[PDB]
Each structure stands twice: as structure tokens, then as C-alpha cells.
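There is one chain below, alone, in C-alpha cells, taken in the form deposited in one PDB entry.
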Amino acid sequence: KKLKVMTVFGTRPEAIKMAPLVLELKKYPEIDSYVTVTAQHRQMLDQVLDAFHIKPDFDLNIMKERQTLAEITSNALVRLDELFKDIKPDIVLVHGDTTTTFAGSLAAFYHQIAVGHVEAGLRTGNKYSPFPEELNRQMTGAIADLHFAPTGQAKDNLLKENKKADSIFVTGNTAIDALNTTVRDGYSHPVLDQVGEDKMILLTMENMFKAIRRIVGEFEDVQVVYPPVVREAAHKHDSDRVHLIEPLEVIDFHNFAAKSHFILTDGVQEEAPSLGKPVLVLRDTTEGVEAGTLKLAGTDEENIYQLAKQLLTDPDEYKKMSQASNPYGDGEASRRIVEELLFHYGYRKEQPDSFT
């Protein structure tokens, strides 16, 4: 009758990236969508779950605090095994490279349940960076029946590992998708009022703080929003237009990234880009750096200052980064995913088009 699909959450970065997908799943009569939460402190996923109005079907308390990787792995494994024991979904959708993402895929394999891997194919090439992230990705790929690659790069990796072409779909990052639900206009926040209609620059070694402070001190029409470092930061920034606030949470961050002129960071480099906000990255090597959606800053005062300065003055180069279309998302990823499932499982005759 209906194809039973189960999405499995755990961390907040996952809740977002998977929320749009849990929603797309709802628009289709053929699908019977379940949401499984694999988080210790549920207090973590409530915010996001409410923003999308998702009410989990299953909730597995899975302790990750004060526990080794093996323990986490096994706890996650034993709980998920006992869950799939009862429910028996046709396909299990899993995301990224978290330990739980691996455990559930493995747990699903033991019961022979199919596994669709969201945000599949990212590789560092180095087995210990990130650790254990990279191998989690690598091991989940060996299980995954379907691979939802965000980018052709990722599909090339999957292909280079001998995975059939016919099972890899370039989707574009579901992250963008989240934006179209998280970014409202009526966002209320005092720190964003203190900014009013003045160019607002969202900020994520002290040279950075020295470079910006100047920029602040020189451009009265500019303001800085800003989530051993909490100490050194407070010294460089007494400043009336550089608001040193408390760490904003994803839904919050997105809104800040929304009403901000441009952002400085050292992740965000995929979300912001589709919100038309230029991003100066503070690194020499960054694993939009070729699309014009993310310019490369350094660690030097001059460079950071000159570059940050350029965006405020030069109207054209600023508009260059504000018009540059995001290479990771066109916000129709969840949908191309569910449309693929349905075609795969023979519910529909036509398959979607890979995102380009």
C-alpha cells in the first residue's frame, strides 16, 4: 500500500538539515513518514522541531556524555536495533557523518532495511580529519542503498569508490531548504533594533578583532553583531556599535544572517550564500570560493581590513557576492529526494533531475 519511510535525527545541525525533508515526505499519499529522534537531551531538538511543527514518533534516549566512542556506538546500535525490531520501515533515511548516523545504518542493515544516505559523498581523504566523521561517512556509504550527493564532487567521490551511478543522485544541500522555513521577516530581537537600518556585519587571532574594531571606528554607519576567547574578545570590543551577544541558536543565526549586510567567519558558508550575503572566510585553505559566494580572508589586520573595507565601499564587488547564486542549494533538495524514492521504489514513472 504505502511506502514506510523513517527519518532518524540526533543532533541539532541534523534536525535543521533534515526538517525540510521530513516536511516534503508529508505531501505524498504513497509515503507513510515516521520521525525517529536519537538524542540524549531532547531539549536540544525542541526549537527546530517546533519551527517545522514536527512531532517525533519515536524517541531514543542515547547517552553520549561521559562515554567513549565504542560505548556511544554500541548504545546507539542496541537501541536502534530494538526499535527497527518493532517498527520495520521499508527505508531508513540517515544524515551526515555522526556516530549515530553510522550506528542506525548498521542497525538497519542487520534487519535488512534499506538505507538512504542524505548528504552523501563528502571526503577529506584523511582518515583522522575529521575523526571519527570521515570514517562514519565512509562506513555508512558502504551500507547506504541510495546516495543523495549534495554536489557533483560528492558524486565523483562515490563513483570513485565503485558505487553504481544509478544509485547516486546530486541533490544540492538540504540546508538551503531549511532557510525557506526558518527565515521570517517579523523576527524580533533587540540587538537587531540597536542596529536599525545600519549596515550590520555578522561575526562568527585577535588581529581579526583589531581589524574589525578599526572598521567599526571608521564606519559609523556599520554595526557588528557577535555571538580565553570570550575574554580577549571583550577587550578589543566599550564599543557602542559592536554588540557582543550570547551565542545565537540556528533559527536565530539564520535570521541574523538574513538581515546582515555581510558575514565574517572561520558551515555558514553554504547557508548564507543563498541569502545573498557575502562571506569573507578567515583561513588560507578552505577545503563559493570559486562561484564568488565566499571570498578568502587571512589572519592579517591589513588583509582583513582591506577586504572588509572593500565590501563597504565598492558597491560593485559587494553586489558581485550578493548576486552570486549558491552552488550548494536551490532549495528543492528534499523534494528531489522524495521524488527519487518514489521513482526508485516504483511508485512513479519519471525521476527528478539532478541539481546542477
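Superpose the two forms; the largest set of C-alphas matching within 1.5 Å is the rigid core. The first residue of the shown sequence is 1; numbering continues from there.
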item: Residues of the deposited sequence left unbuilt between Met205 and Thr204; value: 10 or more
item: Sequence continuity check, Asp50 and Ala51 (deposited residues unmodelled); value: none
item: Segment of higher mean CA temperature factor, 79-87 or 257-265; value: 257-265
item: Between the two ranges 100-108 and 244-252, the one averaging a larger CA B factor in the entry; value: 244-252
item: Residue, from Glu65, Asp59, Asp330, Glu30, that the PDB entry assigns the highest Cα B-factor; value: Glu65
item: Selection from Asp156, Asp198, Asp177, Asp185 [criterion: highest C-alpha temperature factor in the record]; value: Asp185
item: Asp284 by Cα B-factor - lowest, middle or highest third of the modelled chain; value: highest
item: Among modelled residues of the same chain, the CA temperature factor third for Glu232; value: highest
item: Where the record places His189 (Cα B-factor, split into thirds across the chain); value: highest
item: Entry-reported Cα temperature factor of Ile168, expressed as the chain third it lands in; value: lowest
item: Modelled-residue ranking by C-alpha temperature factor, third containing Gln138; value: lowest
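Although it is not shown, the form deposited in another entry is what the next lines describe.
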| query | finding |
| --- | --- |
| Comparing forms between this form and the one not shown after core superposition, the one residue of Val279, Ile91, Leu106, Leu83 displaced by 2 Å or more at CA | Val279 |
| C-alpha of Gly125 moved at least 2 Å between this form and the one not shown on rigid core | no |
| Core-superposed C-alpha of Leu146 shifting 2 Å or more between this form and the one not shown | no |
| Residue shift check between this form and the one not shown, rigid core fit, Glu220 Cα at least 2 Å | yes |
| Change in CA distance between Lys319 and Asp330 in the other form, which is 3 Å or more, as closer or farther | farther |
| Pairwise C-alpha change, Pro278 versus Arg123, in the other form against this form - closer or farther, 3 angstroms or more | closer |
